[PDB]
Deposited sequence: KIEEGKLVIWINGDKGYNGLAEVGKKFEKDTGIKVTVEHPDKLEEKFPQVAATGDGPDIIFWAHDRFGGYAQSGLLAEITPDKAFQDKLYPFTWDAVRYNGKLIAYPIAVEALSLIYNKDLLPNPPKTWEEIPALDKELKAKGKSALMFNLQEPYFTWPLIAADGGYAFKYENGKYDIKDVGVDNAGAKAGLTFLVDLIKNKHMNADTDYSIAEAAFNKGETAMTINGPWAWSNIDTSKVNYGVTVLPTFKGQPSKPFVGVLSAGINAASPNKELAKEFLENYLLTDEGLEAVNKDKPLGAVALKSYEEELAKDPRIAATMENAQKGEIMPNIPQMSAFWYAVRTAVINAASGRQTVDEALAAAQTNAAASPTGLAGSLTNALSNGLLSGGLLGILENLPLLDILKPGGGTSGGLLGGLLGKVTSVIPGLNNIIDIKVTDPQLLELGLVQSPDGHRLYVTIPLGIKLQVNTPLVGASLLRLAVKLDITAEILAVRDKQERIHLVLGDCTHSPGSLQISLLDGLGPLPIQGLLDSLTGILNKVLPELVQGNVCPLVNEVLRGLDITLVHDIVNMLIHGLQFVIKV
């Protein structure tokens, strides 16, 4: 139902779709290929629905954070721009469109929060969060306020909270580790305490939301607000004389706002992928193509360097790019929905006093990572938690020859499935620091254990441990601030030593798994179906 020989494009109604249409006219003129621009209501839900029946637009425009979910569902084609083209766009914008090493869409525009200030009230705005209470007192005297912004949404509070070392999920080469959540930390504790202090100290109010902050700033009641480019036109109207600037630092750390990247993906079901590429690369992403769109509805900052250089002559757009460059690309994966909920309740609870700061952050740090996964992830989480409660770390510390063994560690488990799907193999990386006292070393090694399904009694089936054996060449000693003798030595002992203090525990932990997990896993091993992922 998608027609080969034309392009249908979906973009949101708040974007410059008429300008985009003009880009499409130019395209038809050159190629004779017709381009149709639509802005369906809720396209971000519509696209997965129709595209999963093999229908929908050839190209979809949307914030990058949805595209990770679309890629997982097989809805997006991999894009193949050459390196010279990639040099045309800012590198970090390419990271926003990465999924599993692959490029999954063309970056278009860049947006992040900025500090927006009233030049009549505040000709020289503060560079630090810390200055704000002082300003508020002064301004309270004149019947005004220092700072009002939406506290109801963690999107707005995150720049402060994550300022020092904080993150949503950890990024590795266009892969996010959904087990690794950076919510809780000294920065986040300090950052969030400060925010709560401001409410206790009367500088801000906990009930403040988007509409209250916007009115307050747009009526000239408050000197500063925190908002994005979408907010600008309402201020243009308000006759408030305003600047847009770098967010305040907290403890000398830049605020770290989330970055959205408007992006254009290509439908996996499109018969038109090559034309789509041609349109996006040689027509839309050009000084002329972006200008057309921008003149209709302004794009804010853009991913195209040449055009961004022009737009950045507007200090508001330059400030946007600068805040982006100091900010955190929003993870493009669906687990962000747990993250938003965890952080949203935490900040609201701390602000209301329903929880303390450390408590809200501690729950949120756990809750954001709590999204359930398929069999393989479940198994590996299960065994990790098992070994840890089963006291594996303690066992590590207790191995002898001075020495003092320290910093015992379980590392990310590996999982491999038989090509015939009937067999599982787990890798269990382990580590300790050695101290010769002086002379600190890092010892690491793997255990490989086979996981098996077997019938007994004689009908009933069970999940059983195969051979648990120290992986032969896996032992690695690393110097810290004399091998290979030590290694030579250790290889004669550790391997047999570890397996025999460990394999038994591994075997115990296996049995302590949730029973439905066990049954489910057994079932797919029996029938040789692959639940395990190539990495």
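Unmodelled regions of the deposited chain sequence (numbering from residue 1, in sequence order): 402 to 434, 471 to 477, 522 to 530.
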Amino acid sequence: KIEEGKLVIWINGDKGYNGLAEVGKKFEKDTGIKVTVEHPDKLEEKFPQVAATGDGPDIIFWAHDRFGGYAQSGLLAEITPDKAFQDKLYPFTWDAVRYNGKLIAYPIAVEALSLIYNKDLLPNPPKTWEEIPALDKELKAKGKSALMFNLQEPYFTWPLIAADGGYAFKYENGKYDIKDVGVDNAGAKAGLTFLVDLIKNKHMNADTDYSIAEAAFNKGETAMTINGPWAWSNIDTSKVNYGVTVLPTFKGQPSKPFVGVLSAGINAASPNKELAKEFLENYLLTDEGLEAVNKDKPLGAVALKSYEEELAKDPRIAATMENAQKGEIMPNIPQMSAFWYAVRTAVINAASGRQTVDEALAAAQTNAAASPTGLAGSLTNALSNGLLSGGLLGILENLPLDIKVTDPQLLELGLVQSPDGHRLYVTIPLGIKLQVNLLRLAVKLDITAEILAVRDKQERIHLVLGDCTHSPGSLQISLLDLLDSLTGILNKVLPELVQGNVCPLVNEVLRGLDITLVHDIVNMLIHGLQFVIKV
From here on, numbers count along this sequence of modelled residues.
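Of the two segments examined, 442 to 450 and 319 to 327, it is 442 to 450 that shows the higher average Cα temperature factor in the deposited entry. As the entry records it, the average C-alpha temperature factor is higher for 181 to 189, out of 229 to 237 and 181 to 189. Looking at 63, 50, 37, 490, the one whose CA carries the top B-factor in the deposited record is 490. Out of 69, 32, 57, 495, the entry records its largest CA B-factor for 495.
Annotation for residue 201: C-alpha temperature factor in the highest third relative to the rest of the modelled chain, per the entry. When the modelled residues of the chain are ordered by their C-alpha B factor, residue 286 lands in the lowest third. Among all modelled residues in this chain, the alpha-carbon of residue 372 has a temperature factor (C-alpha) in the middle third. The entry lists a Cα temperature factor for residue 344 that places it in the middle third of the chain's modelled residues. Compared with the other modelled residues of the chain, the Cα B-factor recorded for residue 382 ranks in the middle third.
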